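A.B. asks: First portion of the complex, with coordinates as positioned in the assembly:
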Amino acid sequence: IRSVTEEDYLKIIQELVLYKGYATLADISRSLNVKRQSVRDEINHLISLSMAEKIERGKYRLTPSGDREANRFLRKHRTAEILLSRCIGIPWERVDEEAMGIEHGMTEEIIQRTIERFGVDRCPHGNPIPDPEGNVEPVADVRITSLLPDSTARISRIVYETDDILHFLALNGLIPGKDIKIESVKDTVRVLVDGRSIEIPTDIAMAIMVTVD
């Protein structure tokens, strides 16, 4: 669809790091649908601008300043999602994708009127909206994969927002604000939610943050 930007790279690297601890060229390539050589050129570029750094062979993350630049973009991205979701009913599982076109043009005027009109400080998937400088409130949540059987918690945010992921979460009502109880962690993470028992596979579970009671 649209031509890929620096901001799109920042966004996916930040997600991947939250999700699995690192970003690889191949993961970025596949997520952005950009050939690996271009991804390599952009990663080197981000590194020479002190926006990103190599963790070890083939693994990268954002620097602190890169992470705050990501956050300044995510303020636009997340508010676009709110706009699209609350105004016109773009489905919860589609709104991350549909926000792509309009997000670069979100001005502070639009962002702040949106925030105040709908009275929100999180995107539909529970992530906080960073302030204009790229800061975010520290939040007290943890990985759902860290909890033991019989722990109870509340879904906080979905840190990695893909298609397979959002769809599964939507289908099973595993959304921000939902109370859950851990039934099992063997092989999958099985939870009690809305009276139903749902097995969450590891690749999906890794994206789920929760707040314990």
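C.D. replies: That came in fine, so what should we check first? Numbering: from 1, shown residues only, chains lettered A, B, ... in the order given.
A.B. asks: Report the central residue of chain A.
C.D. replies: By Cα atoms, centre = their mean, the mean C-alpha position of chain A lies nearest to residue A:159, the distance being 3.3 Å.
A.B. asks: tell me the phi and psi of that one?
C.D. replies: phi -80, psi -20 (degrees, to the nearest 10).
A.B. asks: quick one: it and residue A:19, what's the gap?
C.D. replies: According to Cβ to Cβ, to the nearest Å, residue A:159 and residue A:19 sit 6 Å apart. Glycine gets a C-beta too; all of them are placed from N, C-alpha and C.
A.B. asks: Common neighbours of those two, please.
C.D. replies: residue A:207 (Cβ atoms under 8 Å, 6 or more residues apart in numbering).
A.B. asks: For residue A:201, give me its contacts.
C.D. replies: residue A:188.
A.B. asks: Please report how far it lies from residue A:37.
C.D. replies: On the measure of Cβ to Cβ, residue A:201 and residue A:37 end up 32 Å apart.
A.B. asks: Equivalent analysis for residue A:104, please.
C.D. replies: 25 Å.
A.B. asks: Which one's more surrounded, the two?
C.D. replies: residue A:104 (14 against 10; other Cβ atoms under 10 Å).
A.B. asks: For the more buried one, which three-state class applies?
C.D. replies: What DSSP: H, G, I helix; E, B strand; the rest coil gives for residue A:104 is helix.
A.B. asks: Next one: it from residue A:138, what distance?
C.D. replies: Taking Cβ to Cβ, one finds residue A:104 at 28 Å from residue A:138.
A.B. asks: got it, and residue A:89?
C.D. replies: Counting by Cβ to Cβ, the gap from residue A:89 to residue A:138 is 32 Å.
A.B. asks: add one more, call it chain B:
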Amino acid sequence: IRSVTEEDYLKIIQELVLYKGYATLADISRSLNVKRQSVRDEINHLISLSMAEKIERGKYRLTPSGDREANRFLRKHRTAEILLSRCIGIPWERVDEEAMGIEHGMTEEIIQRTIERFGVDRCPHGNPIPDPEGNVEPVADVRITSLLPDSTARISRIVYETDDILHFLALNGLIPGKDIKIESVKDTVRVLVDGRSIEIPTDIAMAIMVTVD
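C.D. replies: Same chains as before, plus chain B:
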């Protein structure tokens, strides 16, 4: 703010032609805040792509195919205005400006959900939203400057949407759907609207289309 695009040129040339019959380099330069040499280069480019044509010395308009390409962009522009105006209350007089950032990313998904959610076929300033191919319903309106004293009419659309213009119209309630009566045309166009008498200066009046009864 944002870097100027081909679409911005199409938009202003189309407006200027509706407004005064032609676009000059100097009018485009001032409207887009782009130096005259760059405007000259872009106009020549539009001409060599058969998107625009020279009327006479120093005066240009869009070709029919250029006008339909303009319309395809204006579908995005106008729906962005509706989104911004109806969702978050961006003021009627500001919404043309604020739409600038987000309009290029309006997808058909967003556009059509917006159109159907708010049930509109015109932008807040009364212009029709063209279809995806760049066609517009022919409309039966005329220039308010064409009417004689004692004619009655209804404001149809504001074809040229600047700051000085929209503000004056807003301030005086001269908006799409308002019934008016021509009192005078000497020097200004003076109308009866909402029980008040309002002189409309020529430079503003030229932007106003109406439908007669």
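A.B. asks: Quick check: closest non-adjacent residue to the residue nearest to the centre of chain A.
C.D. replies: Nearest non-adjacent residue to residue A:159, counting by Cβ to Cβ, 6 or more residues apart in numbering or on different chains: residue A:18, 4.2 Å away.
A.B. asks: try residue A:74
C.D. replies: Per Cβ to Cβ, 6+ apart, closest to residue A:74 is residue A:130, 5.7 Å.
A.B. asks: isn't residue A:20 right up against residue A:206?
C.D. replies: Yes - taking contacts as Cβ atoms under 8 Å, residue A:20 lies within contact range of residue A:206: 6.5 Å.
A.B. asks: between those two, which one's more packed in?
C.D. replies: residue A:206 (20 against 15; other Cβ atoms under 10 Å in any protein chain shown).
A.B. asks: what's that one in contact with, if anything?
C.D. replies: A:19-20, A:143, A:145, A:160 (Cβ atoms under 8 Å, 6 or more residues apart in numbering or on different chains).
A.B. asks: Reduced to three states, what does residue A:191 come out as?
C.D. replies: strand.
A.B. asks: Tell me the residues on chain A that lie near chain B, please.
C.D. replies: A:2, A:83-84, A:86-90, A:98, A:100-107, A:109-110, A:113-114, A:117 (Cβ under 8 Å from any Cβ of the partner chain).
A.B. asks: Whichever of those end up buried, select them in ChimeraX.
C.D. replies: Buried residues within the residues of chain A next to chain B, by 16 or more other Cβ atoms under 10 Å in any protein chain shown, are selected in ChimeraX with:
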select /A:83,84,86,87,88,90,98,100,101,102,103,104,105,106,107,110,113,114
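A.B. asks: The residues of chain A next to chain B in helices, which ones?
C.D. replies: A:83-84, A:86-88, A:98, A:100-102, A:109-110, A:113-114, A:117 (DSSP state H).
A.B. asks: Cheers, nothing more for now.
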